[PDB]
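This report concerns only the one structure given below.
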Amino acid sequence: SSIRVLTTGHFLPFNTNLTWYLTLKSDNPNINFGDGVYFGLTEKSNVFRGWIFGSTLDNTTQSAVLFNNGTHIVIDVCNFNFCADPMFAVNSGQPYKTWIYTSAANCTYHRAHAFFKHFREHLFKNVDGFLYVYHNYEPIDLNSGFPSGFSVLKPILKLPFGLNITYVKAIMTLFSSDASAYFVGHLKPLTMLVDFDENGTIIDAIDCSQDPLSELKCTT
Amino acid sequence: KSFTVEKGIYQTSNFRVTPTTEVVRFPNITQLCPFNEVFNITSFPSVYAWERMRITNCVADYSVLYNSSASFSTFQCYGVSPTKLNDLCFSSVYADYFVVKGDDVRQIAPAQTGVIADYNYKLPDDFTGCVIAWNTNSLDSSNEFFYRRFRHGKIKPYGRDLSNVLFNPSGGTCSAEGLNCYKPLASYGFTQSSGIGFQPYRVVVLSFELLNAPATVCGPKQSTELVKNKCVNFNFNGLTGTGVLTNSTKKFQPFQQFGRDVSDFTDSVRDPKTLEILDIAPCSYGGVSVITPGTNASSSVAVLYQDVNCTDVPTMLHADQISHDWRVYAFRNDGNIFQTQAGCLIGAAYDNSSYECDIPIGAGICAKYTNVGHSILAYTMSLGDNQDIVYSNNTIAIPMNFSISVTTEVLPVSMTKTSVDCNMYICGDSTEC
Amino acid sequence: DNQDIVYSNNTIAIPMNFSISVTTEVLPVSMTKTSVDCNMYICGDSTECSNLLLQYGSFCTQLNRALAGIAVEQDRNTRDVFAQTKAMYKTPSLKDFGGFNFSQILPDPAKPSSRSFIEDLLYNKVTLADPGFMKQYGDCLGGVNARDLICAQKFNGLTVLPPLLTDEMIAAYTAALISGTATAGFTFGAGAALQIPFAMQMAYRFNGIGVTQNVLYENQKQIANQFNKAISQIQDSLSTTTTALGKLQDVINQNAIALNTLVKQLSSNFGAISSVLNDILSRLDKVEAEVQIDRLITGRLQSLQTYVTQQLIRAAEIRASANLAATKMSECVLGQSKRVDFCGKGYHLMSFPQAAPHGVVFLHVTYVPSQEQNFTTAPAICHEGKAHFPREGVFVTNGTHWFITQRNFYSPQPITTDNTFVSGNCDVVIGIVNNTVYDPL
Amino acid sequence: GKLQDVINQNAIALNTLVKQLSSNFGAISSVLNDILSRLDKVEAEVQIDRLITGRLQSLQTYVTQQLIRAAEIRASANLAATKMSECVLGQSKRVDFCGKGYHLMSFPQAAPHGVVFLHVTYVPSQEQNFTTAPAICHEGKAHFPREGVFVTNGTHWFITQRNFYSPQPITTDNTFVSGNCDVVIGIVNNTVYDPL
Amino acid sequence: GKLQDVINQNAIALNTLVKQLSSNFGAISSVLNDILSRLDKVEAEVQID
Ligand SMILES: *[C@@H]1O[C@H](CO)[C@@H](O[C@@H]2O[C@H](CO)[C@@H](O[C@@H]3O[C@H](CO)[C@@H](O)[C@H](O[C@H]4O[C@H](CO)[C@@H](O)[C@H](O)[C@@H]4O)[C@@H]3O)[C@H](O)[C@H]2NC(C)=O)[C@H](O)[C@H]1NC(C)=O
Ligand SMILES: *[C@@H]1O[C@H](CO)[C@@H](O[C@@H]2O[C@H](CO)[C@@H](O)[C@H](O)[C@H]2NC(C)=O)[C@H](O)[C@H]1NC(C)=O
Ligand SMILES: *[C@@H]1O[C@H](CO)[C@@H](O[C@@H]2O[C@H](CO)[C@@H](O)[C@H](O)[C@H]2NC(C)=O)[C@H](O)[C@H]1NC(C)=O
Ligand SMILES: CCCCC/C=C\C/C=C/CCCCCCCC(=O)O
Ligand SMILES: *[C@@H]1O[C@H](CO)[C@@H](O)[C@H](O)[C@H]1NC(C)=O
Ligand SMILES: *[C@@H]1O[C@H](CO)[C@@H](O)[C@H](O)[C@H]1NC(C)=O
Ligand SMILES: *[C@@H]1O[C@H](CO)[C@@H](O)[C@H](O)[C@H]1NC(C)=O
Ligand SMILES: *[C@@H]1O[C@H](CO)[C@@H](O)[C@H](O)[C@H]1NC(C)=O
Ligand SMILES: *[C@@H]1O[C@H](CO)[C@@H](O)[C@H](O)[C@H]1NC(C)=O
Ligand SMILES: *[C@@H]1O[C@H](CO)[C@@H](O)[C@H](O)[C@H]1NC(C)=O
Ligand SMILES: *[C@@H]1O[C@H](CO)[C@@H](O)[C@H](O)[C@H]1NC(C)=O
Ligand SMILES: *[C@@H]1O[C@H](CO)[C@@H](O)[C@H](O)[C@H]1NC(C)=O
Ligand SMILES: *[C@@H]1O[C@H](CO)[C@@H](O)[C@H](O)[C@H]1NC(C)=O
Ligand SMILES: *[C@@H]1O[C@H](CO)[C@@H](O)[C@H](O)[C@H]1NC(C)=O
Ligand SMILES: *[C@@H]1O[C@H](CO)[C@@H](O)[C@H](O)[C@H]1NC(C)=O
């Protein structure tokens with residue numbers, strides 16, 4: 001509380017370029033997993049949910065799935081046999097069938113919970129045989145490309161599996177009877193300077209090595 | 001560091017001590033930790049397919065292992081002493097268990113090489129935890145156990161792979177077993193009476209995180225009723241120290257347990273056995289100075305305290321935990337205790353007259369050893385003598401005589417010159433250094 | 001800015017008027033005195049650390065000796081500067097001495113604060129970092145004063161000692177100096193006090209410049225009004241400017257940030273596993289903890305030694321400044337100096353000291369001429385075969401007549417047998433003109 | 001006390017440099033021969049290095065303090081040199097620079113690591129009050145003293161120096177005339193001697 | 001001699017500062033490359049400190 005410290009780690013650089021992916025009402029590439037990825041999504045009808053982690057995305061190598069079913073958060077690390085497109089089908093406003101994998105065996109993990117108007121953020125990191133997930137939430141305007149501002153993410157869960165994670169994927173939803181977008185960044189090793197309020201809240205942060213003024217503030 | 005002091009005022013360094021009561025606060029956990037479920041499960045996996053389990057809501061009382069029939073050939077702990085495992089609290093504890101060859105027990109250590117350390121099971125260089133192993137030749141010598149022998153790289157410090165694809169030593173996948181195409185999984189040869197480096201061993205590896213998160217597994221320590229507004233030596237989840245504890249108004253998120261200030265000192269804490277934030281402060285405070293009129297003249301002294309109010313002194317000068325020679329200085333029956341602008345002077349009498357300064361105390365107060373029998377007397381410094389001169393606009397003063405005066409002024413000019421030999425000081429009669 | 005003066009070789013410039021100016025010069029005198037306890041900094045609520053510091057306590061004795069010497073010198077400096085009078089002269093009831101208004105540099109009998117108004121304006125322009133020397137233990141745990149700089153400074157064994165002389169004693173010293181200067185001249189700076197009227201004292205001060213006694217006696221009202229206007233002007237300039245007292249604020253800021261850096265340098269590891277002595281002792285045995293505690297002990301001893309060295313250097317600089325201030329007070333308040341630009345810019349007449357926190361402020365009263373005018377000059381004047389030379393001043397001409405006058409003021413006088421002396425015959429000096437000389441018959 | 005102080009700190013620092021030779025500095029002993037009598041080459045070359053660095057730091061602190069004290073002594077020597085130049089080989093008009101009163105002479109004496117100046121000065125005494133005037137006019141013209149003051153006898157008027165009492169008659173010299181005695185406050189009416 | 005003396009002192013101090021980088025201070029070597037190239041993280045941290 002009420003202090004200015006500086007730390008070194010893997011952070012998203014300020015004023016960096018993301019990638020625009022859209023769900024068309026008329027995509028899920030194998031995004032690389034480096035030192036960590038940042039996921040930010042804008043939705044209105046809860047269309048985007050779920051991720052797939054792995055290296056080969058076949059039945060010769062274990063893979064991890066983490067998704068929402070509309071009533072449960074099913075996460076399990078098994079040897080999956082993923083087909084062409086992981087999907088989610090809803091009929092007349094209610095869910096009736098999920099199409100996310102075909103076969104799964106030799107499976108060593110399982111967990112379950114009970115569960116443009118909004119903006120959702122998710123940051124993933126994988127160090128020392130763990131998977132770190134960070135979450136933040138704020139409502140945004142009716143129509144915008146990327147919501148500009150400043151937000152701080154909070155951890156939710158820490159998953160203990162030792163897996164070779166080099167690629168990530170996305171799980172979509174199509175109506176069987178709207179459109180959305182998500183943005184993906186890439187973490188980099190940088191040095192940051194932060195300040196705390198009289199409470200335990202982070203209010204501002206400066207990315208050094210961006211421009212000479214922030215480098216001067218990093219030195220000072 | 002002398003037996004005879006000179007006249008003046010000095011600073012002291014708090015040679016007293018506070019032998020107060022102890023408090024101990026540990027979480028409300030009574031379930032015994034499953035030591036039997038881990039060490040007596042009679043089904044351990046292969047090293048290439050090791051599995052991990054979590055430990056929560058435990059009491060780590062390993063002395064019950066003396067009640068069983070388990071003897072460990074290897075028990076080595078890294079980053080912590082084995083004698084301090086009964087007093088600490090751990091936040092996240094994971095146990096990894098498998099079966100190893102017996103000559104590869106030495107490879108379960110940080111910064112190792114071999115088949116197991118490269119392809120099967122690795123540990124990070126900065127590893128905190130303990131490694132336990134024992135021989136199970138009478139149980140695991142009639143079962144199939146495997147290990148990975150061929151790989152195209154080295155695994156992560158915490159990672160496993162269960163792939164069973166065919167290995168080609170230079171290229172992709174051969175997809176046809178034969179020449180230059182081998183199965184990467186080799187089988188341990190576990191036969192009866194094969195030696196001692198070829199008999200199966202059961203290995204368990206524990207990992208802890210210390211004093212950085214709320215803790216769920218602790219040692220067998222009995223708690224104590226919490227006290228407040230007195231400085232005590234405490235123990236909160238394995239965090240020791242001494243000081244007063246007071247109520248605090250900071251509420252933080254439930255993934256935080258401790259609180260550090262600028263100097264990295266523990267100032268704010270949560271509590272076990274209840275949920276309440278507390279502030280800790282040291283109970284050593286204030287400046288103490290002593291005044292003595294020499295040693296051969298007398299043995300009595302006067303003590304002043306810079307930052308106490310001299311009407312409610314003994315709250316900071318508690319005379320119960322110290323000697324009677326300090327009880328006579330904490331409170332005085334007669335008027336030998338009074339408050340000055342520099343603090344609270346005890347043991348000296350105040351005077352309304354003003355003289356020249358003898359022993360400077362501060363803020364215009366001086367002291368001296370006087371006959372008014374003999375005692376320490378404090379007084380206000382006098383700048384000089386008044387003259388009450390008057391102004392006349394038609395009168396001048398003119399001297400009518402003169403005198404010749406001789407005055408002395410002494411100035412230093414030079415100082416002693418000294419040469420220093422580097423060796424014969426750091427060394428001398430020693431050619432090794 | 002360029003001026004582009006020219007050499008005339010035959011004409012001279014002589015002022016026709018003069019003005020009175022009051023200037024300001026600020027010098028630091030003393031700095032804050034601190035004391036450091038090795039325990040509660042390298043150790044604290046830890047018996048093992050003290051038992052390991054018992055072999056290092058000699059360095060602590062060295063540091064304490066250095067800091068005590070610094071504090072003794074700091075107490076000596078202000079007594080050397082301010083305690084110059086032999087007696088405490090009472091303030092006169094009348095603040096007017098021949099039209100000179102002394103009421104803004106002396107305390108008033110209404111007793112607001114027992115110090116001068118300009119001295120009051122010198123305060124409340126720089127700010128002390130610690131408002132008051134009393135900080136009780138209850139004030140450090142009241143629940144409102146959490147995360148305080150001075151309170152966290154105190155918990156680590158770093159205290160600040162008060163000066164021996166309070167502000168009222170310094171104000172009384174300066175008031176005694178000013179009240180002894182006005183009613184007794186500068187004669188009380190060497191021997192006993194000799195009373196003299198203020199107008200005659202100002203005539204004496206003007207005689208030490210090169211101007212005759214009369215110039216005050218026909219222009220007393222103008223000089224008094226110029227002095228009062230200068231005093232009001234420097235009061236207004238001091239009130240409406242917050243960047244002229246930077247040295248004392250600089251001293252306060254350097255001391256505060258040095259103590260803050262010493263406090264915040266306690267978070268380094270110095271090659272150990274942690275910077276807190278409690279967590280290492282609770283997870284390590286004795287043999288490793290001794291080494292990892294000795295590393296921290298050496299690091300914290302080094303960080304204390306660096307601060308003591310910086311304090312010694314700053315004390316040396318402050319001692320030099322205090323020596324300069326004491327010499328200036330002795331040479332310009334208790335007398336009149338002839339060294340140029342030592343006290344003011346023009347010709348020095350008086351000086352008045354005003355008390356400032358950790359320093360002193362001098363108000364130098366100077367004499368400056370103006371209203372220049374060119375005049376044709378000659379080196380010598382001869383009327384007989386003999387040649388006359390001026391005893392003092394120069395020869396100037398009206399264009400029809402010749403006079404003699406002072407260099408610093410235009411006062412034409414007839415050339416008589418006095419104010420001139422004769423040596424030689426007028427056939428060797430270049431520029432000798434022929435003019436008559438008045439002779440008293 | 002200054003010269004004794006100069007001797008005392010130079011003795012004290014040198015004595016303190018020998019007390020700091022009995023520190024372990026994180027080693028097993030402060031005696032170097034006991035380290036090599038119990039350990040091999042490794043684990044004794046480690047423990048010798050910390051002792052070496054500690055003793056080097058102990059030397060460096062002494063050198064730094066000697067440098068600072070030498071700077072102070074240099075400043076004092078400069079003051080002594082300019083005082084010897086200005087007060088022994090001449091007369092000073094600077095107030096309170098050499099002595100207390102009006103400076104007349106100075107004599108130097110040697111001292112161990114120092115110099116002692118004996119300042120011979122002049123001081124006035126036996127004060128007396130006199131009624132004074134700024135100017136004396138007898139005709140319309142006003143007269144002012146060239147030096148000194150215009151004090152009175154009670155019946156007569158004289159002129160005398162400020163630092164000594166020596167009354168003299170008011171004549172044409174020691175006096176200059178400027179203006180009329182109608183604007184100067186404090187004008188008194190008295191005669192002035194004229195050598196005829 | 002005074003101006004040349006202060007110039008020589010300012011040169012000599014900077015030349016002495018750059019010559020002190022060859023000391024080991026009780027470590028394996030005065031170069032950081034071979035320390036990291038020969039040791040693991042735990043001991044190299046001690047030597048680097
Ligand atoms: C996690 O999984 C990823 C994805 O599979 C994996 O990355 C892969 O690593 C392998 C092995 O290094 C790479 O295969 C290499 O590819 C080229 C030829 O295409 C060559 O550089 C290599 O050939 C070597 O083969 C032998 C290896 O010792 C040598 O004898 C020989 O001389 C060659 O050097 C090699 O076949 C593959 O390209 C990557 N794939 C990707 C997509 O990057 C990664 O290693 C896994 N992580 C862990 C920690 O296991
Ligand atoms: C140590 O182990 C023995 C068994 O080896 C335990 O004794 C059993 O305790 C249970 C629980 O009270 C009884 O129901 C059994 O009859 C006991 N005997 C056997 C043979 O199982 C004993 O409790 C353990 N603990 C201690 C502290 O001695
Ligand atoms: C000296 O200067 C002051 C300031 O200009 C003159 O004015 C006085 O100011 C004080 C301030 O406290 C008031 O109390 C007085 O009432 C003011 N006096 C008048 C007449 O207004 C002051 O008059 C001057 N002194 C003399 C003797 O002339
Ligand atoms: C004949 C030697 C030629 C020179 C080799 C020198 C350096 C390279 C590596 C040397 C280490 C020796 C082999 C260690 C194998 C470990 C296998 C195990 O742990 O089971
Ligand atoms: C693994 O995937 C391949 C490729 O689709 C398929 O032929 C094979 O049957 C799968 N094996 C199992 C056990 O599902
Ligand atoms: C993997 O799954 C197959 C198919 O169900 C099964 O036969 C085999 O025993 C499993 N192996 C392991 C190691 O779990
Ligand atoms: C800090 O917390 C308090 C108490 O909950 C809250 O009122 C306040 O808004 C927060 N922020 C600041 C800046 O004080
Ligand atoms: C495991 O439990 C059984 C049944 O109580 C007992 O006989 C055996 O000794 C135990 N094994 C160990 C290693 O304690
Ligand atoms: C000193 O003076 C104070 C203030 O008037 C008074 O209270 C006190 O009794 C005096 N002390 C003596 C010993 O006369
Ligand atoms: C001056 O003082 C001396 C020494 O006491 C004395 O002998 C002499 O008479 C005095 N002179 C006068 C004029 O008072
Ligand atoms: C000198 O200056 C003053 C102030 O401006 C003015 O009143 C006066 O007349 C001037 N005197 C002469 C002789 O010019
Ligand atoms: C000086 O010159 C002026 C003209 O500037 C003239 O009137 C006057 O008579 C001259 N002499 C004197 C003595 O003023
Ligand atoms: C004096 O000198 C002036 C200037 O040259 C000249 O006119 C005049 O005749 C001289 N007088 C005599 C008596 O030579
Ligand atoms: C001073 O006045 C007195 C009294 O009239 C007189 O006797 C004496 O001669 C005068 N002069 C001196 C120099 O004392
Ligand atoms: C001498 O001066 C006094 C005082 O002003 C005055 O009363 C008197 O008339 C003057 N005498 C003459 C002769 O003017």
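Each chain in the structure tokens gets a letter, A, B, ..., in the order shown, and its residues are numbered from 1; ligands are numbered from 1 in order too.
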
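The list of chain D residues within 12 Å of chain E is residues 42, 43, 44, 45, 46, 47, 48, 49, 50, 51, 52, 53, 54 and 56 of chain D; this uses only C-alpha atoms.
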
Keeping only C-alpha atoms, write the selected residues to a file as a compact mmCIF listing (two decimals), in the first residue's frame.
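File part-v9.txt, as written:
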# COMPACT_ATOMS: atom_id res chain seq x y z
CA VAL D 42 39.66 -25.31 -0.75
CA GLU D 43 37.39 -24.08 2.12
CA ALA D 44 40.39 -22.15 3.46
CA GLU D 45 40.95 -20.06 0.33
CA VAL D 46 37.25 -19.20 0.68
CA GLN D 47 37.61 -18.11 4.32
CA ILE D 48 40.83 -16.14 3.76
CA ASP D 49 39.16 -13.93 1.13
CA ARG D 50 36.47 -12.55 3.45
CA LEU D 51 39.14 -11.67 6.03
CA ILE D 52 41.16 -9.94 3.29
CA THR D 53 38.16 -7.90 2.12
CA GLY D 54 37.21 -6.95 5.68
CA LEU D 56 40.83 -3.81 3.21

* Counting only C-alpha atoms and all ligand atoms, name the residues that have an atom within 12 Å of an atom of ligand 6; the answer should be given as an MDAnalysis selection string. => (chainID A and resid 59:60 62 78:80 103:108) or (chainID B and resid 45:51 144:146 161:164)

For the residues selected in the previous step, produce a file with N, CA and C atoms as an mmCIF file, in the first residue's frame.
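Saved to selection.cif:
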data_model
loop_
_atom_site.group_PDB
_atom_site.id
_atom_site.type_symbol
_atom_site.label_atom_id
_atom_site.label_comp_id
_atom_site.auth_asym_id
_atom_site.auth_seq_id
_atom_site.Cartn_x
_atom_site.Cartn_y
_atom_site.Cartn_z
ATOM 1 N N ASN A 59 -4.360 -37.993 -30.982
ATOM 2 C CA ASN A 59 -4.443 -39.008 -29.939
ATOM 3 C C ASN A 59 -3.098 -39.639 -29.597
ATOM 4 N N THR A 60 -2.005 -39.167 -30.192
ATOM 5 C CA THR A 60 -0.682 -39.628 -29.795
ATOM 6 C C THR A 60 -0.066 -38.784 -28.688
ATOM 7 N N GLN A 62 -1.150 -36.141 -25.160
ATOM 8 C CA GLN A 62 -2.192 -35.655 -24.268
ATOM 9 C C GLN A 62 -2.519 -34.192 -24.551
ATOM 10 N N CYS A 78 -7.013 -35.303 -21.073
ATOM 11 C CA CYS A 78 -7.152 -36.670 -21.541
ATOM 12 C C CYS A 78 -6.468 -36.777 -22.899
ATOM 13 N N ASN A 79 -6.432 -37.989 -23.453
ATOM 14 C CA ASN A 79 -5.871 -38.207 -24.788
ATOM 15 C C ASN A 79 -7.016 -38.126 -25.789
ATOM 16 N N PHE A 80 -7.195 -36.945 -26.371
ATOM 17 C CA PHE A 80 -8.360 -36.655 -27.189
ATOM 18 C C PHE A 80 -8.116 -36.978 -28.659
ATOM 19 N N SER A 103 -13.407 -39.224 -29.302
ATOM 20 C CA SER A 103 -12.990 -40.281 -28.392
ATOM 21 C C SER A 103 -11.925 -39.748 -27.445
ATOM 22 N N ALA A 104 -11.868 -40.343 -26.253
ATOM 23 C CA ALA A 104 -10.892 -39.951 -25.244
ATOM 24 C C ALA A 104 -10.666 -41.118 -24.296
ATOM 25 N N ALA A 105 -9.400 -41.477 -24.093
ATOM 26 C CA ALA A 105 -9.024 -42.555 -23.189
ATOM 27 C C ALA A 105 -7.673 -42.209 -22.577
ATOM 28 N N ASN A 106 -7.219 -43.061 -21.649
ATOM 29 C CA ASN A 106 -5.947 -42.892 -20.929
ATOM 30 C C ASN A 106 -5.860 -41.524 -20.258
ATOM 31 N N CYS A 107 -6.928 -41.137 -19.568
ATOM 32 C CA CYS A 107 -7.152 -39.747 -19.201
ATOM 33 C C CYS A 107 -6.911 -39.580 -17.706
ATOM 34 N N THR A 108 -6.063 -38.611 -17.345
ATOM 35 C CA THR A 108 -5.484 -38.538 -16.005
ATOM 36 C C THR A 108 -5.920 -37.322 -15.194
ATOM 37 N N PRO B 45 3.196 -46.281 -9.880
ATOM 38 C CA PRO B 45 3.331 -46.281 -11.338
ATOM 39 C C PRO B 45 4.790 -46.312 -11.771
ATOM 40 N N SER B 46 4.978 -46.433 -13.083
ATOM 41 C CA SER B 46 6.307 -46.350 -13.664
ATOM 42 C C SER B 46 6.818 -44.913 -13.610
ATOM 43 N N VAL B 47 8.134 -44.767 -13.785
ATOM 44 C CA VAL B 47 8.763 -43.454 -13.664
ATOM 45 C C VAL B 47 8.339 -42.541 -14.814
ATOM 46 N N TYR B 48 8.156 -43.098 -16.015
ATOM 47 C CA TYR B 48 7.736 -42.282 -17.149
ATOM 48 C C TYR B 48 6.275 -41.864 -17.050
ATOM 49 N N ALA B 49 5.479 -42.555 -16.237
ATOM 50 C CA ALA B 49 4.069 -42.226 -16.071
ATOM 51 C C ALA B 49 3.764 -41.891 -14.617
ATOM 52 N N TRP B 50 4.610 -41.068 -14.002
ATOM 53 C CA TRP B 50 4.426 -40.681 -12.611
ATOM 54 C C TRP B 50 3.175 -39.827 -12.447
ATOM 55 N N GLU B 51 2.519 -39.978 -11.300
ATOM 56 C CA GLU B 51 1.310 -39.231 -10.994
ATOM 57 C C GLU B 51 1.517 -38.395 -9.741
ATOM 58 N N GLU B 144 5.479 -55.406 -14.079
ATOM 59 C CA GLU B 144 6.071 -54.732 -15.226
ATOM 60 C C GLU B 144 6.241 -53.247 -14.937
ATOM 61 N N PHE B 145 7.467 -52.753 -15.104
ATOM 62 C CA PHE B 145 7.774 -51.339 -14.950
ATOM 63 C C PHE B 145 8.652 -50.902 -16.112
ATOM 64 N N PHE B 146 8.380 -49.713 -16.640
ATOM 65 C CA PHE B 146 9.040 -49.221 -17.839
ATOM 66 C C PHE B 146 9.675 -47.860 -17.581
ATOM 67 N N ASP B 161 5.496 -37.173 -20.442
ATOM 68 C CA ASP B 161 4.935 -37.534 -21.736
ATOM 69 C C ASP B 161 4.655 -39.026 -21.756
ATOM 70 N N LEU B 162 3.455 -39.393 -22.199
ATOM 71 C CA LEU B 162 3.039 -40.785 -22.286
ATOM 72 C C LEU B 162 2.924 -41.268 -23.725
ATOM 73 N N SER B 163 3.526 -40.553 -24.673
ATOM 74 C CA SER B 163 3.466 -40.947 -26.073
ATOM 75 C C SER B 163 4.270 -42.219 -26.311
ATOM 76 N N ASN B 164 3.764 -43.070 -27.199
ATOM 77 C CA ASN B 164 4.383 -44.350 -27.515
ATOM 78 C C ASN B 164 4.595 -44.488 -29.015
#

* To do: Compile the contact shell of stretch 205-217 of chain A as JSON, numbers by chain: residues with an atom at most 6 Å away, counting only C-alpha atoms, same-chain residues fewer than 2 positions apart removed.
  => {"A": [192, 193, 194, 219, 220]}

* Residue list (helix (DSSP H, G or I), DSSP) for stretch 81-143 of chain D, as JSON, numbers by chain -> {"D": [81, 82, 83, 84, 85, 86, 87, 88]}

Selected residues written out with N, CA, C and O atoms, as a compact mmCIF listing (two decimals), in the first residue's frame:
# COMPACT_ATOMS: atom_id res chain seq x y z
N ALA D 81 48.12 31.21 7.65
CA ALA D 81 49.06 31.85 6.74
C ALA D 81 48.61 33.26 6.37
O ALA D 81 49.42 34.20 6.39
N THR D 82 47.32 33.45 6.05
CA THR D 82 46.88 34.80 5.71
C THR D 82 46.86 35.71 6.93
O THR D 82 47.10 36.92 6.80
N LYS D 83 46.63 35.16 8.13
CA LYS D 83 46.71 35.97 9.34
C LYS D 83 48.14 36.41 9.62
O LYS D 83 48.37 37.56 10.02
N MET D 84 49.11 35.52 9.43
CA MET D 84 50.51 35.88 9.59
C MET D 84 50.93 36.93 8.57
O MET D 84 51.69 37.86 8.89
N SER D 85 50.45 36.80 7.33
CA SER D 85 50.77 37.79 6.31
C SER D 85 50.17 39.16 6.63
O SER D 85 50.85 40.19 6.51
N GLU D 86 48.91 39.20 7.08
CA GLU D 86 48.21 40.46 7.22
C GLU D 86 48.42 41.15 8.57
O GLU D 86 48.24 42.37 8.65
N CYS D 87 48.78 40.42 9.62
CA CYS D 87 48.82 41.02 10.95
C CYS D 87 50.22 41.12 11.55
O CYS D 87 50.45 42.02 12.36
N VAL D 88 51.14 40.23 11.19
CA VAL D 88 52.51 40.35 11.67
C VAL D 88 53.32 41.30 10.80
O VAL D 88 54.05 42.15 11.31

Show me which residues line ligand 12, defined as having an atom within 8 Å of a ligand atom where only C-alpha atoms and all ligand atoms count, and present them as a CSV table (one decimal) with N, CA and C atoms, in the first residue's frame.
chain,number,residue,atom,x,y,z
C,398,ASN,N,33.7,74.7,-15.8
C,398,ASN,CA,32.3,75.2,-16.2
C,398,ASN,C,32.2,75.5,-17.6
C,399,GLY,N,33.3,75.6,-18.4
C,399,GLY,CA,33.4,76.1,-19.7
C,399,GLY,C,33.9,77.6,-19.7
C,400,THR,N,33.9,78.2,-18.5
C,400,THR,CA,34.5,79.6,-18.4
C,400,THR,C,35.5,79.6,-17.2
C,401,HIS,N,35.2,78.9,-16.2
C,401,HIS,CA,36.0,78.9,-15.0
C,401,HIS,C,36.5,77.5,-14.7

* Asked: ligand 1: which residues are within 12 Å, counting only C-alpha atoms and all ligand atoms, as a ChimeraX atom specification?
  -> /A:30-34,53-58,60-63,128-129,162-167 /B:118-120,122,150-163,167-173

* Counting only C-alpha atoms, what is within 9 Å of stretch 263-265 of chain B, bar same-chain residues fewer than 5 positions away, as a PyMOL selection string? -> chain C and resi 263-268+275-276

Using only C-alpha atoms, select each residue of chain C with any atom at most 6 Å away from an atom of chain D, and give the selection as a compact mmCIF listing (two decimals) with N, CA and C atoms, in the first residue's frame.
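Result went into iface21.txt, see below:
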# COMPACT_ATOMS: atom_id res chain seq x y z
N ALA C 190 34.03 46.88 19.73
CA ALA C 190 35.41 46.86 20.23
C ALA C 190 35.45 47.73 21.49
N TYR C 217 23.20 66.50 5.95
CA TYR C 217 22.53 67.56 6.70
C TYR C 217 21.68 68.48 5.83
N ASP C 294 25.56 -13.08 9.08
CA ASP C 294 26.79 -12.30 9.00
C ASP C 294 26.88 -11.50 7.70
N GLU C 331 32.71 41.70 10.67
CA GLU C 331 33.32 42.78 9.89
C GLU C 331 32.33 43.77 9.30

* Can you work out the spacing between atom CA of residue C:180 and atom CA of residue C:212 in Å, to one decimal? => 25.4 Å

* Environment of ligand 7 within 9 Å, counting only C-alpha atoms and all ligand atoms, reported as an MDAnalysis selection string -> (chainID A and resid 197:201) or (chainID B and resid 249:251)

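The binding environment of ligand 14, defined as every protein, DNA or RNA residue with an atom no more than 7 Å away and counting only C-alpha atoms and all ligand atoms, comprises residues 153, 154, 155 and 156 of chain D.
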
* To do: Provide as an MDAnalysis selection string the residues of chain A at most 12 Å from chain C, counting only C-alpha atoms.
  => chainID A and resid 1:3 198

* Asked: Using only C-alpha atoms and all ligand atoms, which protein or nucleic acid residues are at most 10 Å from ligand 4, as a list in words?
  ->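 The distance check yields residues 103, 104, 106, 107, 112, 113, 114, 115, 116 and 117 of chain B.
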